[PDB]
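Visitor: Got a file for you: run.txt, compact mmCIF, C-alpha atoms.
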# COMPACT_ATOMS: atom_id res chain seq x y z
CA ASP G 13 -30.76 0.69 206.75
CA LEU G 14 -32.73 -2.46 207.54
CA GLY G 15 -30.09 -4.99 206.51
CA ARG G 16 -27.54 -3.66 208.98
CA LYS G 17 -30.15 -3.48 211.73
CA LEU G 18 -31.10 -7.10 211.02
CA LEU G 19 -27.46 -8.19 211.26
CA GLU G 20 -26.97 -6.32 214.54
CA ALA G 21 -30.19 -7.65 216.05
CA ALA G 22 -29.35 -11.17 214.89
CA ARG G 23 -25.94 -11.02 216.56
CA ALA G 24 -27.32 -9.43 219.75
CA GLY G 25 -30.24 -11.86 220.16
CA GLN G 26 -33.00 -9.23 219.99
CA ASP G 27 -35.87 -11.49 218.95
CA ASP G 28 -38.64 -8.88 218.83
CA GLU G 29 -36.42 -6.44 216.97
CA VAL G 30 -35.72 -9.16 214.41
CA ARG G 31 -39.48 -9.73 214.10
CA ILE G 32 -40.14 -6.02 213.58
CA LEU G 33 -37.30 -5.69 211.06
CA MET G 34 -38.81 -8.63 209.18
CA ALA G 35 -42.17 -6.84 209.24
CA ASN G 36 -40.56 -3.88 207.42
CA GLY G 37 -39.18 -6.00 204.59
CA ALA G 38 -35.59 -6.46 205.74
CA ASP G 39 -33.68 -8.90 203.56
CA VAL G 40 -33.44 -12.22 205.43
CA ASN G 41 -30.29 -13.02 203.43
CA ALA G 42 -28.61 -9.63 203.79
CA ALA G 43 -24.87 -10.22 203.84
CA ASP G 44 -21.98 -7.91 204.62
CA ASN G 45 -18.87 -7.84 202.43
CA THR G 46 -17.51 -10.85 204.36
CA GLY G 47 -20.57 -12.87 203.30
CA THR G 48 -21.95 -12.99 206.86
CA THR G 49 -25.75 -13.23 206.97
CA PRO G 50 -28.12 -12.85 209.95
CA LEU G 51 -28.37 -16.64 210.12
CA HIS G 52 -24.57 -16.75 210.49
CA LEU G 53 -24.65 -14.31 213.40
CA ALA G 54 -27.56 -16.02 215.15
CA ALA G 55 -25.97 -19.47 214.81
CA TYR G 56 -22.65 -18.05 216.04
CA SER G 57 -24.14 -16.22 219.02
CA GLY G 58 -26.44 -19.09 220.01
CA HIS G 59 -29.87 -17.50 219.52
CA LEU G 60 -32.05 -20.49 218.69
CA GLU G 61 -35.32 -18.58 218.30
CA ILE G 62 -33.83 -16.13 215.80
CA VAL G 63 -32.46 -19.11 213.86
CA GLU G 64 -35.99 -20.55 213.71
CA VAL G 65 -37.55 -17.24 212.63
CA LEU G 66 -34.89 -16.53 209.98
CA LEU G 67 -35.26 -20.04 208.56
CA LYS G 68 -39.04 -19.63 208.64
CA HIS G 69 -38.74 -16.48 206.51
CA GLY G 70 -36.43 -18.03 203.90
CA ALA G 71 -32.89 -17.64 205.24
CA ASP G 72 -30.38 -19.46 203.03
CA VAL G 73 -29.41 -22.42 205.21
CA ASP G 74 -26.22 -23.06 203.18
CA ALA G 75 -24.93 -19.49 202.84
CA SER G 76 -21.13 -19.43 203.09
CA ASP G 77 -19.02 -16.44 204.07
CA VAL G 78 -15.70 -15.51 202.45
CA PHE G 79 -14.03 -18.13 204.68
CA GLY G 80 -16.42 -20.89 203.57
CA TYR G 81 -18.23 -21.09 206.91
CA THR G 82 -21.90 -22.02 206.81
CA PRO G 83 -24.21 -21.40 209.79
CA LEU G 84 -23.80 -25.11 210.59
CA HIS G 85 -20.03 -24.58 210.79
CA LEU G 86 -20.54 -21.76 213.29
CA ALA G 87 -23.05 -23.71 215.37
CA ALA G 88 -20.68 -26.69 215.55
CA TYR G 89 -17.63 -24.55 216.37
CA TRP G 90 -19.41 -22.74 219.21
CA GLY G 91 -21.23 -25.72 220.73
CA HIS G 92 -24.90 -24.98 219.97
CA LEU G 93 -26.48 -28.44 219.91
CA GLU G 94 -30.07 -27.35 219.32
CA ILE G 95 -29.09 -24.91 216.57
CA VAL G 96 -27.21 -27.77 214.87
CA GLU G 97 -30.38 -29.87 215.09
CA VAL G 98 -32.56 -27.03 213.75
CA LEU G 99 -30.21 -26.23 210.86
CA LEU G 100 -29.94 -29.89 209.88
CA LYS G 101 -33.72 -30.21 210.13
CA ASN G 102 -33.96 -27.38 207.59
CA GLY G 103 -31.70 -29.04 205.01
CA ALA G 104 -28.22 -27.75 205.86
CA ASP G 105 -25.47 -29.58 203.98
CA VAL G 106 -24.00 -31.77 206.72
CA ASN G 107 -20.77 -32.09 204.70
CA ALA G 108 -20.16 -28.40 203.95
CA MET G 109 -16.45 -27.58 203.86
CA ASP G 110 -14.71 -24.29 204.63
CA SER G 111 -11.54 -22.74 203.19
CA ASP G 112 -9.54 -25.48 204.97
CA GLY G 113 -11.64 -28.43 203.80
CA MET G 114 -13.10 -28.77 207.30
CA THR G 115 -16.65 -30.01 207.86
CA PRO G 116 -18.84 -29.27 210.90
CA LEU G 117 -17.72 -32.68 212.19
CA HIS G 118 -14.12 -31.41 212.23
CA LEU G 119 -15.04 -28.30 214.22
CA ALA G 120 -17.26 -30.22 216.64
CA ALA G 121 -14.51 -32.79 217.23
CA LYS G 122 -11.98 -29.98 217.70
CA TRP G 123 -13.75 -28.83 220.87
CA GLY G 124 -14.91 -32.26 222.09
CA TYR G 125 -18.64 -31.66 221.51
CA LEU G 126 -19.80 -35.26 221.89
CA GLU G 127 -23.52 -34.57 221.39
CA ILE G 128 -22.99 -32.44 218.28
CA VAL G 129 -20.79 -35.19 216.81
CA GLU G 130 -23.60 -37.66 217.51
CA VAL G 131 -26.23 -35.44 215.85
CA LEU G 132 -23.99 -34.89 212.81
CA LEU G 133 -23.39 -38.63 212.41
CA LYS G 134 -27.15 -39.25 212.67
CA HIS G 135 -27.66 -36.99 209.64
CA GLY G 136 -25.09 -38.80 207.50
CA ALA G 137 -21.92 -36.82 208.17
CA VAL G 138 -19.06 -38.14 206.06
CA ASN G 139 -15.50 -38.89 207.19
CA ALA G 140 -13.41 -36.31 205.35
CA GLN G 141 -9.82 -35.10 205.51
CA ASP G 142 -9.01 -31.41 205.99
CA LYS G 143 -6.17 -29.48 204.33
CA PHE G 144 -3.81 -31.26 206.75
CA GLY G 145 -5.12 -34.69 205.75
CA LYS G 146 -6.73 -35.19 209.16
CA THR G 147 -10.11 -36.71 209.98
CA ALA G 148 -12.32 -36.06 213.00
CA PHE G 149 -10.84 -39.20 214.57
CA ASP G 150 -7.30 -37.87 214.10
CA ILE G 151 -8.39 -34.66 215.83
CA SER G 152 -9.81 -36.88 218.58
CA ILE G 153 -6.39 -38.52 219.01
CA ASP G 154 -4.30 -35.33 218.96
CA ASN G 155 -6.42 -34.16 221.88
CA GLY G 156 -6.70 -36.40 224.93
CA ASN G 157 -10.40 -37.05 224.30
CA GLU G 158 -11.04 -40.76 224.81
CA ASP G 159 -14.83 -40.60 224.46
CA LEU G 160 -14.70 -38.83 221.09
CA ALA G 161 -12.14 -41.28 219.71
CA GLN G 162 -14.31 -44.15 220.95
CA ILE G 163 -17.41 -42.83 219.17
CA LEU G 164 -15.62 -41.96 215.93
CA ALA G 165 -13.81 -45.31 215.89
CA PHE G 166 -17.18 -46.96 216.51
CA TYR G 167 -18.55 -45.30 213.37
CA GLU G 168 -15.47 -46.02 211.25
CA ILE G 169 -15.49 -49.71 212.22
CA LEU G 170 -19.26 -49.74 211.70
CA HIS G 171 -18.94 -48.67 208.05
CA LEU G 172 -16.19 -51.02 206.88
CA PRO G 173 -17.38 -53.14 203.93
CA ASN G 174 -15.35 -56.34 204.25
CA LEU G 175 -15.69 -57.14 207.97
CA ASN G 176 -18.27 -59.73 208.92
CA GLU G 177 -20.75 -59.33 211.77
CA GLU G 178 -18.72 -61.38 214.26
CA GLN G 179 -15.58 -59.33 213.59
CA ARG G 180 -17.46 -56.01 213.69
CA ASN G 181 -19.19 -56.86 216.97
CA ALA G 182 -15.85 -58.10 218.31
CA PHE G 183 -14.27 -54.71 217.58
CA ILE G 184 -17.25 -52.85 219.08
CA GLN G 185 -17.13 -54.99 222.21
CA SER G 186 -13.40 -54.21 222.19
CA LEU G 187 -14.39 -50.54 222.16
CA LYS G 188 -16.48 -50.97 225.32
CA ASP G 189 -13.90 -52.98 227.33
CA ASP G 190 -11.12 -50.39 227.10
CA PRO G 191 -11.63 -47.12 225.19
CA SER G 192 -7.98 -46.07 225.63
CA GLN G 193 -7.25 -48.61 222.88
CA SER G 194 -9.71 -47.05 220.42
CA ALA G 195 -6.83 -45.94 218.20
CA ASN G 196 -5.25 -49.39 218.05
CA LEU G 197 -8.44 -51.38 217.47
CA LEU G 198 -9.45 -49.19 214.55
CA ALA G 199 -6.07 -49.82 212.98
CA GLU G 200 -6.44 -53.53 213.56
CA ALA G 201 -9.91 -53.34 212.04
CA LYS G 202 -8.64 -51.45 209.04
CA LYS G 203 -5.89 -53.98 208.45
CA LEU G 204 -8.42 -56.79 208.56
CA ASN G 205 -10.72 -54.81 206.29
CA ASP G 206 -7.98 -54.60 203.69
CA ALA G 207 -7.00 -58.26 204.02
CA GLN G 208 -10.54 -59.46 203.23
CA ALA G 209 -11.07 -57.14 200.24
How would this structure read if it were set down as structure tokens?
Guide:
Amino acid sequence: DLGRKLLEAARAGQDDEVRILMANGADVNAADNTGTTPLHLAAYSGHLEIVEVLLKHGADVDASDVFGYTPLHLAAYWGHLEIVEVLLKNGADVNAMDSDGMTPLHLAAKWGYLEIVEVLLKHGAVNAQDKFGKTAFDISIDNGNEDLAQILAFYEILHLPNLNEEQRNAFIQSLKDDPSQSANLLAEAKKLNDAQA
């Protein structure tokens, strides 16, 4: 049973066993009844090289399990920066949502992965609300993570349509003087954004 062997080797990080299983015609996109594929297990376990091989042989980069998790979800949840970069480089939907409406940005913000949040925003990650109506910034505020709230408020302020350059740079400079106030400045910015619309 080559599919099961490929799933086991993908989860255990056995690179040469994955190569040999591929050489015998194992299905790159073999999924168990939960919808979990070898790319899922390699992105979850943190095996970058197996991610690169699987993607090289045609692994579905946007395969979702019965919970709605894509491999990008798993890489963001478990803090695998380089696997996030590799999956995005191979066309992963940066805005994929799970059963709870959560994007990889939500899961990366949940654990305070600053670099993964940066990489996701570089690839055009969108600000979305989960089932609880919460954004990645809200998650940043529920936790005591000042840096993450500062970055996410930087991006929210950066993308407001009705602020002019002097106001936007004033809010950004106000995000570098005291980051503890990142939650208040964004609200001030949003009020101004809606007064000039």
Visitor: In Å, rounded to a single decimal, give me how far CA of residue 80 (chain G) is from CA of residue 113 (chain G).
Guide: 8.9 Å
Visitor: If we count all atoms listed in the file and set the cut-off at 9 Å, which residues sit around residue 17 (chain G), ignoring sequence neighbours fewer than 3 positions away in its own chain? Please answer as a ChimeraX atom specification.
Guide: /G:13-14,20-22,29-30,33,38
Visitor: For residue 109 (chain G), find every residue with an atom within 9 Å (counting all atoms listed in the file), except residues of its own chain fewer than 4 positions away, and show them as an NGL selection string.
Guide: :G and (80-82 or 85 or 113-116 or 142)
Visitor: Which residue is closest to residue 106 (chain G)? Choose from G:70, G:136, G:58, G:145 and count all atoms listed in the file.
Guide: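 Among the listed residues, the smallest separation from residue 106 (chain G) belongs to G:136.
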Visitor: Which residue is closest to residue 69 (chain G)? Choose from G:193, G:147, G:102, G:176 and count all atoms listed in the file.
Guide: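 Once distances to residue 69 (chain G) are computed over all atoms listed in the file, the minimum belongs to G:102.
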Visitor: Just the number, please: distance in Å from CA of residue 125 (chain G) to CA of residue 152 (chain G), one decimal.
Guide: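 Going from CA of residue 125 (chain G) over to CA of residue 152 (chain G), I get 10.7 Å.
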Visitor: Any idea what the distance is between CA of residue 154 (chain G) and CA of residue 137 (chain G)?
Guide: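 Taking CA of residue 154 (chain G) as the start and CA of residue 137 (chain G) as the end point, the length is 20.7 Å.
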Visitor: Neighbouring residues of residue 63 (chain G) were defined as those with any atom within 8 Å, considering only C-alpha atoms; residues of the same chain fewer than 5 positions away were excluded. Please report them as JSON, numbers by chain.
Guide: {"G": [51, 54, 55, 95, 98]}
Visitor: Go ahead and write the residues just picked, C-alpha atoms, as a PDB file, in the frame of the given file.
Guide:
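Now in out-v3.pdb:
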ATOM      1  CA  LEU G  51     -28.370 -16.640 210.120  1.00  0.00           C
ATOM      2  CA  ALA G  54     -27.560 -16.020 215.150  1.00  0.00           C
ATOM      3  CA  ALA G  55     -25.970 -19.470 214.810  1.00  0.00           C
ATOM      4  CA  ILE G  95     -29.090 -24.910 216.570  1.00  0.00           C
ATOM      5  CA  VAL G  98     -32.560 -27.030 213.750  1.00  0.00           C
TER       6      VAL G  98
END
Visitor: With only C-alpha atoms as the counted atoms, please give the residues lying no more than 8 Å from residue 56 (chain G), apart from itself and same-chain residues fewer than 4 positions off, as an MDAnalysis selection string.
Guide: chainID G and resid 23 52 83 86:87 90
Visitor: List as number ranges by chain the protein and nucleic acid residues near residue 173 (chain G), meaning an atom at most 10 Å away when only C-alpha atoms are counted, but skip any in the same chain fewer than 4 places from it.
Guide: G: 169, 205-206, 208-209
Visitor: Closest to residue 92 (chain G) among G:67, G:187, G:128, G:62, using only C-alpha atoms?
Guide: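 Smallest distance to residue 92 (chain G) is found for G:128.
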Visitor: Determine the nearest neighbour of residue 94 (chain G) from the options G:146, G:59, G:171, G:135, counting all atoms listed in the file.
Guide: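 Nearest to residue 94 (chain G): G:59.
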Visitor: Between G:104, G:35, G:117, G:93, which has the minimum distance to residue 18 (chain G) (counting all atoms listed in the file)?
Guide: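 Counting all atoms listed in the file, the residue closest to residue 18 (chain G) is G:35.
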Visitor: Taking N, CA, C and O atoms as the atom set, what does region 38-49 of chain G look like once completed, written as a PDB file, in the frame of the given file?
Guide:
ATOM      1  N   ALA G  38     -37.035  -6.269 205.715  1.00  0.00           N
ATOM      2  CA  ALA G  38     -35.590  -6.460 205.740  1.00  0.00           C
ATOM      3  C   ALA G  38     -35.228  -7.764 205.039  1.00  0.00           C
ATOM      4  O   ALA G  38     -35.939  -8.768 205.144  1.00  0.00           O
ATOM      5  N   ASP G  39     -34.120  -7.734 204.308  1.00  0.00           N
ATOM      6  CA  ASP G  39     -33.680  -8.900 203.560  1.00  0.00           C
ATOM      7  C   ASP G  39     -33.171  -9.965 204.533  1.00  0.00           C
ATOM      8  O   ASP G  39     -32.189  -9.743 205.249  1.00  0.00           O
ATOM      9  N   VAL G  40     -33.837 -11.123 204.544  1.00  0.00           N
ATOM     10  CA  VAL G  40     -33.440 -12.220 205.430  1.00  0.00           C
ATOM     11  C   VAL G  40     -32.021 -12.660 205.127  1.00  0.00           C
ATOM     12  O   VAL G  40     -31.295 -13.104 206.026  1.00  0.00           O
ATOM     13  N   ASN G  41     -31.602 -12.564 203.867  1.00  0.00           N
ATOM     14  CA  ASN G  41     -30.290 -13.020 203.430  1.00  0.00           C
ATOM     15  C   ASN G  41     -29.341 -11.856 203.176  1.00  0.00           C
ATOM     16  O   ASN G  41     -28.444 -11.948 202.335  1.00  0.00           O
ATOM     17  N   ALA G  42     -29.534 -10.749 203.890  1.00  0.00           N
ATOM     18  CA  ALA G  42     -28.610  -9.630 203.790  1.00  0.00           C
ATOM     19  C   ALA G  42     -27.245 -10.030 204.310  1.00  0.00           C
ATOM     20  O   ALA G  42     -27.112 -10.506 205.439  1.00  0.00           O
ATOM     21  N   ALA G  43     -26.222  -9.840 203.485  1.00  0.00           N
ATOM     22  CA  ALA G  43     -24.870 -10.220 203.840  1.00  0.00           C
ATOM     23  C   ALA G  43     -23.944  -9.016 203.754  1.00  0.00           C
ATOM     24  O   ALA G  43     -24.055  -8.203 202.830  1.00  0.00           O
ATOM     25  N   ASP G  44     -23.017  -8.916 204.703  1.00  0.00           N
ATOM     26  CA  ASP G  44     -21.980  -7.910 204.620  1.00  0.00           C
ATOM     27  C   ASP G  44     -20.920  -8.359 203.612  1.00  0.00           C
ATOM     28  O   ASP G  44     -21.026  -9.421 202.991  1.00  0.00           O
ATOM     29  N   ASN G  45     -19.898  -7.526 203.420  1.00  0.00           N
ATOM     30  CA  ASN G  45     -18.870  -7.840 202.430  1.00  0.00           C
ATOM     31  C   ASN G  45     -18.115  -9.122 202.755  1.00  0.00           C
ATOM     32  O   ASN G  45     -17.518  -9.712 201.847  1.00  0.00           O
ATOM     33  N   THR G  46     -18.124  -9.572 204.015  1.00  0.00           N
ATOM     34  CA  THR G  46     -17.510 -10.850 204.360  1.00  0.00           C
ATOM     35  C   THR G  46     -18.401 -12.041 204.015  1.00  0.00           C
ATOM     36  O   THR G  46     -17.955 -13.184 204.159  1.00  0.00           O
ATOM     37  N   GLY G  47     -19.627 -11.802 203.553  1.00  0.00           N
ATOM     38  CA  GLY G  47     -20.570 -12.870 203.300  1.00  0.00           C
ATOM     39  C   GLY G  47     -21.361 -13.316 204.513  1.00  0.00           C
ATOM     40  O   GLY G  47     -22.073 -14.324 204.431  1.00  0.00           O
ATOM     41  N   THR G  48     -21.262 -12.602 205.630  1.00  0.00           N
ATOM     42  CA  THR G  48     -21.950 -12.990 206.860  1.00  0.00           C
ATOM     43  C   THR G  48     -23.402 -12.527 206.806  1.00  0.00           C
ATOM     44  O   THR G  48     -23.677 -11.338 206.612  1.00  0.00           O
ATOM     45  N   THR G  49     -24.321 -13.460 206.991  1.00  0.00           N
ATOM     46  CA  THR G  49     -25.750 -13.230 206.970  1.00  0.00           C
ATOM     47  C   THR G  49     -26.309 -13.236 208.381  1.00  0.00           C
ATOM     48  O   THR G  49     -25.612 -13.627 209.334  1.00  0.00           O
TER      49      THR G  49
END
